[PDB]
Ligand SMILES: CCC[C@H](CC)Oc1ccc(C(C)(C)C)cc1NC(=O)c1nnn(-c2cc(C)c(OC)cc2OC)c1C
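In structure tokens, one chain follows: the form deposited without the ligand.
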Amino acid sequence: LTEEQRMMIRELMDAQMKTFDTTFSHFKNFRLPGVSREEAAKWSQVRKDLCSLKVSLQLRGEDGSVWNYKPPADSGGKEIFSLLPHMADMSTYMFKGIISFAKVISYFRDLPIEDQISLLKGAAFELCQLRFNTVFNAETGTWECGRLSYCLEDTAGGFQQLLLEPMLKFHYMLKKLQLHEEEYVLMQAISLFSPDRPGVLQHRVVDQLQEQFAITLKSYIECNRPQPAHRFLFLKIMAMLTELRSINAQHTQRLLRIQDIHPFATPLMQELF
């Protein structure tokens, strides 16, 4: 592992640790649930998008009191929305962390400012998802977020139903890999620099950076992972990233549909999208 590669990983590790609050100690002041036309049939589609998401929410007291929220079954209502204000706040908090993480990196700062904007807007959901994964518990089916936890409902349905939604499948599949922190952080870097992403002038510079990180990820696994099992692993991770980009597109469509009948989005989210 070249001294430059080792250095690159060191920088990424520093950024995550400053960048990322695993505790969610500082996440505060979030909103909580309960606290004829046509268009419609837009609504039926929108209901489908909501349906995939749906989670229980748990809050743990400083007391050690626990509050549990169980989401309504669909109705018409506009019941479906109820989480959405809370979710936006969480995403907004996550996004602020994502932006810092990019900011820390020397290579990112070097980039022309317009390029930064394009990359961050493209990146941001994917990076946010990657950070979430580290929290995620496959056995629990929970994301544990400091005091906050979110737990998947069982449609029963099934796993077979559950796996139908790409995002849920991705988290379970990504979790399986049992990545090291270095591996997760590298993925963010590879995701964070994509040449593809819309609005990017400086394709050549980004592609080299993305490639350079990718090699570092490839190198790290061979050195640090005991090889014979793991020969595949880099290929799978790259596959996961490709899946993520597609999922990111799906999410973007979903938000627009949800907003248009319903608007939840925070100013940062609108700015980011």
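Shifts are known only where both forms have a C-alpha. In this text, the rigid core denotes the largest set of C-alpha atoms whose superposition between the two forms falls within 1.5 Å. Residue numbers here begin at 1 and follow the sequence given.
This next part talks about the form solved in complex with the ligand, which is not shown.
Visitor: With the partner removed from view, which of 129 to 137, 194 to 202, 174 to 182, 111 to 119 is the stretch that lies within 4.5 Å of the ligand in the deposited bound form, judged by heavy atom distances?
Guide: Contact-bearing stretch, as computed: 129 to 137.
Visitor: Run the contact test on 50, 143 and 251 with a 4.5 Å heavy atom cut-off to the ligand in the deposited bound form and return yes or no.
Guide: Every listed residue reaches the ligand in the deposited bound form, so yes.
Visitor: Is residue 87 near the ligand? Define near as a heavy atom within 4.5 Å, in the deposited bound form.
Guide: Yes, residue 87 lies within 4.5 Å of the ligand in the deposited bound form.
Visitor: My question is simply whether residue 8 lines the interface with the ligand in the deposited bound form - judged by any non-hydrogen atom within 4.5 Å.
Guide: No, residue 8 is distant from the partner.
Visitor: Within 4.5 Å, heavy atoms only: does residue 255 come near the ligand in the deposited bound form?
Guide: Taking the distances in the deposited bound form, the answer for residue 255 is yes, it comes within 4.5 Å of the ligand.
Visitor: Can residue 95 be called a contact residue for the ligand in the deposited bound form at 4.5 Å between heavy atoms?
Guide: Yes.
Visitor: Which residue moves between the shown form and the other one, judged by a Cα shift of 2 Å or more on the rigid core: 231, 204, 26, 70?
Guide: Result of the comparison: 231.
Visitor: By 3 Å or more, the Cα spacing of residue 227 and residue 207 differs in the deposited bound form; is it closer or farther than in this view?
Guide: It is farther: the C-alpha separation of residue 227 and residue 207 rises by at least 3 Å in the deposited bound form.
Visitor: Which bits shift between the shown form and the other one if the core is lined up, counting only runs of three or more residues where every C-alpha moves 2 Å or more?
Guide: Runs with every C-alpha shifted by at least 2 Å: 41 to 50, 227 to 231.
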